[PDB]
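This is what each chain is made of:
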Amino acid sequence: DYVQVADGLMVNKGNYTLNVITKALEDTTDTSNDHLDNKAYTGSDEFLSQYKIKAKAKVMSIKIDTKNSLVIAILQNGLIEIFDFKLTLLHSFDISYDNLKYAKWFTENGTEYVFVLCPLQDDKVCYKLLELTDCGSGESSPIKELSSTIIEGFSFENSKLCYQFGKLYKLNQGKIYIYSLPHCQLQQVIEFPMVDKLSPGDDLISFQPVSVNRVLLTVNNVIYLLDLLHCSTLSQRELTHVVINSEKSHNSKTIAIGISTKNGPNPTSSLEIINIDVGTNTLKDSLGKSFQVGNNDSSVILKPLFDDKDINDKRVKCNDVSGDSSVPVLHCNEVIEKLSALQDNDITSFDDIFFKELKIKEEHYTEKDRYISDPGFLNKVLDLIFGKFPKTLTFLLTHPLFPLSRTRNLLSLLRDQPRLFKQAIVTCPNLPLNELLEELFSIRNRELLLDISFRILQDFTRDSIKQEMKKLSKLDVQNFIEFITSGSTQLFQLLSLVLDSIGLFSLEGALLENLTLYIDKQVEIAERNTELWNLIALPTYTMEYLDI
Amino acid sequence: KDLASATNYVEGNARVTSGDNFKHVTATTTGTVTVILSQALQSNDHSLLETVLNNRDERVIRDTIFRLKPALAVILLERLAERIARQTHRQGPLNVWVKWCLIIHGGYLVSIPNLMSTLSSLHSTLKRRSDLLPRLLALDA
Amino acid sequence: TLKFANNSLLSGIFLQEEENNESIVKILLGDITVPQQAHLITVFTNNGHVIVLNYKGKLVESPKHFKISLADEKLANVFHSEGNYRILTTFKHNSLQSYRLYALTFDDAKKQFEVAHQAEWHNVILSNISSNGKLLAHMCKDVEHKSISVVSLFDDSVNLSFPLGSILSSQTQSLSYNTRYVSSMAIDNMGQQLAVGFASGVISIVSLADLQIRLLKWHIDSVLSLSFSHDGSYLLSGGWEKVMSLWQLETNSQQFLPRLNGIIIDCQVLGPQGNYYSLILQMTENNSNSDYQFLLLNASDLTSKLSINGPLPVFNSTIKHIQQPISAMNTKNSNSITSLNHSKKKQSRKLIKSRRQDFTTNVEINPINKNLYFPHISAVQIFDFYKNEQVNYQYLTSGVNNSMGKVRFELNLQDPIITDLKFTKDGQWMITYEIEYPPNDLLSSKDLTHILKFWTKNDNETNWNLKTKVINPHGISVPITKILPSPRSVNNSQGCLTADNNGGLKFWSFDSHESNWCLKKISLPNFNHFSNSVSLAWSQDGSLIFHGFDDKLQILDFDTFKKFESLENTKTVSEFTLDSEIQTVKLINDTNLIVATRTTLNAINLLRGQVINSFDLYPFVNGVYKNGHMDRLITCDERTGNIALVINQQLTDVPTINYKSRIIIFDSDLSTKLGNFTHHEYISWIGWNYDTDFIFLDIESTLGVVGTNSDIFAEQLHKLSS
Amino acid sequence: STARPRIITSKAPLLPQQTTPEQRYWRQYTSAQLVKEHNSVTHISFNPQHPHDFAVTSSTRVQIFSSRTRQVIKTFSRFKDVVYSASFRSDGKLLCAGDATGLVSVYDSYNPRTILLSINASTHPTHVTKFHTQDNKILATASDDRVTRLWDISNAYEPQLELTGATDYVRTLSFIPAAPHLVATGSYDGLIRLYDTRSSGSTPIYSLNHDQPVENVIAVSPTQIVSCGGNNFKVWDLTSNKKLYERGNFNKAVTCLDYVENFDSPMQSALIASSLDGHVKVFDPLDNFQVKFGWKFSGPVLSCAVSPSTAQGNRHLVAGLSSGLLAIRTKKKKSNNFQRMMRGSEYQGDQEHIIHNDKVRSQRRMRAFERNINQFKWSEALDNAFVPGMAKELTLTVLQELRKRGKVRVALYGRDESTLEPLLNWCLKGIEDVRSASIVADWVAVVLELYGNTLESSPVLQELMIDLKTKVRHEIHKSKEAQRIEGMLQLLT
RNA sequence: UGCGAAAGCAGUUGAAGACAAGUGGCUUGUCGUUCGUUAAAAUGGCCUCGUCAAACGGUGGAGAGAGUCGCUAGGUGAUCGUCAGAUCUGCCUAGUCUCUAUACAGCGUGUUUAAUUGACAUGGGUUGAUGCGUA
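Residues numbered from 1 in each chain as written, not as in the entry; some residues may be left out. Chains lettered and ligands numbered in written order. Part of a larger assembly, values for the part shown. Heavy atoms only, no water. Residues with missing side-chain atoms left out of burial classes, pairs and counts.

Method of structure determination, per the deposited record: cryo-EM was used for this entry, reaching 3.7 Å resolution.

Another point: the overall build of chain D. When its secondary structure is counted, chain D shows 10 helices and 28 strands. Here chain D has a C-alpha radius of gyration of 33 Å; the compact-globule value for 493 residues is 23 Å, and the former is much larger. Projected onto its principal axes, the C-alpha coordinates of chain D cover approximately 100 × 85 × 45 Å. Among the 493 residues that make up chain D, the fraction classed as buried is 51%. Carbon and sulfur atoms make up 49% of the accessible area of chain D, which totals about 23200 Å². Each charge class in chain D can be summarised by its mean position, and for the 60 positive and 48 negative side chains these summaries are 4 Å apart. (Helix = DSSP H or I, 4+ residues; strand = E, 2+ residues; numbered from the N terminus. Rg over C-alpha atoms; globule rule 2.2 N^0.38 Å. Buried < 20%, exposed > 50% of the residue type's maximum accessible area, 1.4 Å probe, protein only. Areas by Shrake-Rupley, 256 points an atom, 1.4 Å probe, with all protein chains shown as cover. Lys, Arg positive; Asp, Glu negative; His and termini not counted. Charge placed at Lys NZ, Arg CZ, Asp CG, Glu CD.)

The partner chain B presents 24 residues to the 38 residues of chain C that form the contact. When residues of the side of chain C that touches chain B are traced back to their parent elements, those giving at least two are strand 24 (293–298), strand 29 (389–395), strand 32 (449–456), strand 33 (465–471), strand 36 (505–511) and strand 37 (516–523) of chain C. Of the residues assigned to the side of chain C that touches chain B, the class counts are 15 nonpolar, 15 polar and 8 charged. For strand 1 (residues 15–18) of chain B and strand 33 of chain C, the ladder comprises 4 bridges, and the chain directions are parallel. When the bridges of strand 33 of chain C are listed, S18 of chain B appears paired with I471 of chain C. (Contact = heavy atoms within 4.5 Å. Nonpolar A, V, L, I, M, F, W, Y, C, P; charged D, E, K, R; others polar. Pairing = 2+ DSSP bridges.)

Residues and elements named next belong to chain C. A sheet is described by the order of its strands in space; here 4 strands give the open sequence 26-27-28-29, paired in antiparallel fashion. Each of the sheet's edge strands pairs with one partner strand only, and the pair in question is strand 26 (364–365) and strand 29. Here 2 bridges tie strand 26 to strand 27 (residues 372–376), and the two strands are oriented antiparallel to one another. Within strand 27, the residue paired with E364 across the bridge is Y373.

Residues and elements named next belong to chain D. Those residues carrying the UniProt feature "repeat: WD" are residues 36–77, 78–117, 123–161, 165–205, 209–246 and 249–293 in this numbering. Between the C-alpha atoms that bound residues 78–117 there is a distance of 13 Å. The span itself is 0% helix and 62% strand. Measuring from the first to the last C-alpha atom of residues 249–293 gives 12 Å, for a span that is 0% helix and 49% strand. (UniProt positions renumbered as here; feature names shortened; annotations may be inferred.)

Each strand in a sheet pairs with its neighbour through backbone hydrogen bonds, running either in the same direction (parallel) or in the opposite one (antiparallel). All names here are of chain C. An order of 10-11-12-13 is seen for the 4 strands of this open sheet, with the pairing classed as antiparallel. Across the chains shown, the open sheet's two edge strands, defined by having one partner strand only, are strand 10 (127–129) and strand 13 (159–163). With direction set aside, neighbouring strand axes in the sheet form an average angle of 10°. The pairing of strand 10 with strand 11 (residues 135–139) spans 3 bridges and is classified as antiparallel. Opposite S127, over in strand 11, you have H138 as the bridge partner. (Axes fitted to C-alpha atoms, helices over the stretch in contact; angles between N-to-C directions.)

The next subject is the interface of chain B and chain D. Of the residues lining the interface, 51 residues belong to chain B; the matching set on chain D comes to 46 residues. Grouping the amino acids of the side of chain B that touches chain D by side-chain chemistry returns 20 nonpolar, 19 polar and 12 charged.

For the salt bridge of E486 of chain D with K127 of chain B, the shortest nitrogen-to-oxygen distance reads 3.8 Å. In this pair, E486 of chain D is assigned in helix 10 (residues 462–490) and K127 of chain B in helix 8 (residues 120–130), connecting two distinct chains. A salt bridge links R149 of chain D to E162 of chain D, with the nearest nitrogen and oxygen atoms 3.7 Å apart. Taken together, the residues span a long stretch of sequence, with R149 of chain D in strand 12 (residues 148–152) and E162 of chain D in strand 13 (residues 161–163) at a distance of 13 residues. Beyond isolated ion pairs, a larger network of salt bridges with shared partners links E439, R444 and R446 of chain A. (Salt bridge = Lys/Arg side-chain N within 4 Å of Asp/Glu carboxyl O.)

To continue, consider the pairing of strand 5 (residues 122–125) of chain A. Residues and elements named next belong to chain A. Pairing of strand 4 (residues 113–115) with strand 5 involves 2 bridges; the strand directions are antiparallel. Looking at strand 5, one finds that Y113 is bridged to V125. Connecting strand 4 to the next strand, strand 5, in antiparallel fashion are 6 residues.

Now the structure itself:
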């Protein structure tokens, strides 16, 4: 359920700006910013800050300081604005609002008295909720969502100071209880391997899933249902997927606990205090084709053998449709034991490998359909005969007659026995067209030309033939035209393919006139035998005789 | 009408199409007629398009299409394709024009990204002209 | 509706997995138990049970049934008159039956009917009984040739007999066997005249007092049904043209009724004054099933008052002792005068010995109003199954389907076959694909035409309108193996995806600008091998298409319509070669997909890109279905699982003509067989209606489903004023 | 029982360049009239109100033509120099004409003898004069003085507003059709200026840079206006000051435009454009100003117009040429005792409880081949095919109905020399077409299958078979060379 | 008949019994007969319920037709003539040029995306085909 995995304060800006992200700093004085330059003034600094935000103006900036209140700064002009203290305990995570969207006087200690985005505007005292250890702000109808370690969930809306909903959510010590990408849920990660999505409108779990592996710095991206997560002691920022018109590619969120992983875009090099290197450069979560790439958070493969429909009085099976048998006696233990019975001292003989395989699979030794087989099992026995031991006459005849051979076929030109090579041309059911075109244009001038042109026509699309038969020289195609003119239907359309794929201008003249004369007489004989196939009263006076 | 009476078959004004309309994805040369042809194709001028392609001298057609700008060889070919689709006796004289447009402008309309989608009407016309060739082979046999 | 299987009262008569020759052979309107008091019917079956059933109000939970003391005889019919009751019985040389007539009585012990045995007829070829049931005629085969005998049964008023060579002409003895074969006979309510309808087409009214004949020649093919009116002055006849004629026997003047959607295999006047005609129409464009339409009609304006019909599917093969009816020539819709016995022997031997015993059909569900659309031959029966009656019937090809009753040579022409139809997922358009066949013995007799049509209706009108048709989609002479409607995310569920047997794909979509359904996308490969083991599936997102060609499940995207590609090569497996050619690629939801092929049944996940489960199909479905019909044999849901379905042809102590069905369901990627059901009869199609049920079609077309002072004054006044 | 299905006429797959509804409607403007004028027709306006007359401005006279006879009903000849513009007021009551001496003279329409007032505008030639389209008593005249003037027709001594600001040769006015304070003027320097008349008026509020010297500016919506000048025309959104379409589908300069709305047409709106090379074209404003139909005329077309939106009668397209002539194409449109005896036959059930209706509808008349196929006269149906006055698709559909339905051989059994010659003489013509040639192939194959002895006897269908042989030889050369072109562009993929 | 792809690829077509005709047999042919095999014709054709006229809306068209001996490309003939070439202002075809009620075709206008109105007593009687010529 991952995404494209690589890369081992105003929240909607990017580059070409001066500093739309001014943030606090660990083990430093208070705060800083950088460019790709805006001034770094003070928002009444020197306190116990843990994050820093702005009023989406960058000259009405602040230092969100742990003193129960905050003031404004002047990071562009020089003229400050006035303020007013509400509390005096811890306002280290202050988030100033837009023009009357979401603001309340909640500092750290259950005193969420509602107010506005001003220095003297007030509202009701909505401090009714208990001691909440995870208070976030979302835009359902702009709302403070409190998750309390008195454990209980509540959701108040700071649009009319109205408590929308609330229940008993038994949330433990979390890792990141971040609001969702469309904001409709709460993604709260458990410590090692889990991330549960809860319904953040009713305070209830909606899908409690496990995660892939160790990940600590996790936050929802600007996506549909996708999150990013950096490793704890790792610079690996992977992506997973559990904004929809023209989504984001960079500058989505900045919450990470890597090696100073501030201001995390896709190319996240030029940081705000860190000056680090960059990583992946993809977009957000797409619909459903990127999950074939990010096919993670499940790695639990076993050896899948063919089961059977369970025998609940199977003796009344009513005229089974086989020839003589009813069910093949499945022996997967003997399938595994045939590997030990084959990987032995039959280093040049077919007495302890070919007889072993044809005893484990009692067939006609060139035929399918008496299957019980696994592709990993066939690949491992093919590896054991590709080792110390093509001189077996049963095993490597009955298993290119198997539709799971898996790309160990490249040396089929590199070994040349006539009957095994022609059988691997006709019947081996996955073949590389590179080797097929090389065998086709490495001509031995025989009927195996017809047998290779047959398969290269009957399992590859014509343009995929053309693009990969551009990869030829010109002596090959000149001798191919010469051999066709010297001395059939599939090779005529193969000749059409080579003429389509050599290109437009870079040709010669004598070969072209020879091919012109040859195919002129070819169309004449085709026309005449098509004609052959489509080609497959009394007078007034007579004089006659009769018997005497 | 009766309740047991079946509904008869009626096409009405249904558009019957084929499966092949891919409409959706100093001097020393001659005295030619290509200024006439070019400002026939810049507008949609069927009258002087007819007076330029009732010229049927092969060298005139050849260097006319050679002097033609290759950005509008595709629309000259579209006009020729529609005219041989409609009038069937024009296919003799006018396909001399369409084979010369492909030979001379063999680079522009191989660099165009959708050849069949851009000159669908030629593909459909030639497919319906050459599809019945076994039938009249059997007929003349 | 008196449902038999609703209660053990008479489902105990027949619920067998093997024996359906227990049949219902006559209904009478009175009460045979107690006379002179009727709103309830007494049904005689073909074995000897006599059930008395109330059809006014609720059915009584214990009917008045008896079982008459009968020999090995098998109940031809019963007969009523004033008071008395007769019965007729069949028997055990040359294969002919033998009939025997009894009379009934009941009164002394009210459990048994006592019988009397009037007479016998020791070889019967053909028989008919008059409209009042007062006399009956039949044929004999007693030597040089056959014979004809009429007998009154409720009295010895008349019984005569004569060899039918005195009926037949002198021309017929030097002519074909159709001129002397007789396929119908009828008598009137006096026994004065008799209608002999021959297989050559003529009718002959003999006058029974003096054996003088009169010939009526209109039917150009065989005469299949005759009846007289009550006064005997009008003769209804019906044959292979779909025209009911009625002969004014005074002036020999026909009145016709010409386009009756089936050949008339029985017609009779019905009322006391003869104000209704009841007809049986055999509807023989499909040769795989004998599907009869019951149609009475008022005689005044000849309008179909109360036409009755079951569901009409067309199975891939002939079903169970089905014989297409007699005619003059042996055609592809009938059989000649000779080949009925050889054809039934060959059909029994084909059901016994052979291997391709697949008679499965495609049925669709309209996703708006949940009625199901059986595509008949060149037509569709729209039929809703919450009242099991036909909505309507519509011709969708351009044949001679309706304009003409085809006869002796012309029955060797077939109208175009509708082989696919699918609705778009909002039920707004119906895509249909048809194979137009050419007539034989001309140059173009060996190239078919393939036509793909697009139909529209609003949610009120019952019949669809053709908005566009494309003749030869995918090219000339190439078929369409599979059409697939598109999900609600491509063109607002207004796209279709058609597949070739070259592996070519065409995406068609309706755009409003050029107000027609046009060809949007194309991916054609040009191979030199063909296979009709093609399947198709789409992601619900509308992003990637799973093209299950033979031995190969390609993965295409939708934006560039070629095979799927990521440049990072994050094990981008975009092909799955399996052990045999695949016939279902059904993706249950966007995680995983179930492939079914002729040996195994695999399942493949894509959020964990490998095989998760597999099952064994080869012992069950080996070489018995045609390649491309497992898609109609198995189906899915949108949330709650997937349905496999196998068939066991039963056995004796060799296979037989009897079948049983084993349907199984799975939830959530082949995890648990949480449904293991067995049905008593062959099953032909299963499919998910869009509200979490699965409907299936039995081979005898029962649709089943797998789911999840003043008071006495009032009484006496309603009596005395009714 | 049903009714009998009608014989469906064989329609093939559609060929390219089909007849669109727009071009069917615009092609039924026919019966052209050519009226030779004394000089080039420079302007033409229509009466708005009873929109049934039009004024043509030739040199030194203005002729009002009627829209039912197309003759000059009335004429205005008392101008001293070349009269340039002549338009009707929005009430259609009076007619203004700008003249080459800068003397706007407004008469009343349908009375050429009463000149109502003669505004003496600039000493330069006055080239465009039109009344307001909202207001009635103001008249806008632009001249070769690079300044337009708004005149109140009560105070006709000084102009009530003087819209200056343009650098060269203002040749067009226009008014914006919902805001009546808004005058868009267009000059030979490009630069459509437009003015708010409540302001000073010596400065435009903005300017639209058509790069070519504009020839006309009209207003389509209350928001968008179209300016023609040079080889193209451009459309401009006016609330956003911004160009959004440009069509350059001409060879020479577009001289004039006009626009139609809501009239009886498949096209809900139509802008037609006249362009100095012979062409007048119609563009549909709803699908992105795409061209739908056009006319070619016998010289450079200087001005054009159509009948207004409410024409209710004979509808006109008029185009005046620079050659000096005028082209009109129009589309057109027993006893009281006995009645008292037969009174009730027009009642149709108004006060009546139940109303029964079973009169069947009368369908189209059956042709002779269709009723013969119905009557199973199959040889007579073939005979009815090969009459001379039959459509080619009708001969094809009766051949196809006899092919699918019954028997080619039944239709061909009793024939001889004189009764086969129609079939083969049509097969000569039908072998050329793609849509017929399969049917022609199997019909000729069957007739030579079962008339191979009449081939020997009659020499006068031997020659018909030889002509058919050379026809199939030409057609097979064509069907071979089409496959060669198909391959030679298959090479170019 | 089987496997197939729509091409094709393998397989054929026995026996018994009864009856009919022809000359108890023999020959031939049938079978509302059985077992085994995967295995053209009896002069005999489709109902009434209302037609006609004029519009209108979509859908196709090979356009339905008429000219100009006007251009481009051809195919070819009568007589004479050594040919050269003459007269027939030689003929025919296709394209172009010009014009028309898009003349042509089809479906629909009962509700449909769209689009219809009007005439007529929808009878009975007598001639009407031997009364007719413009050929």
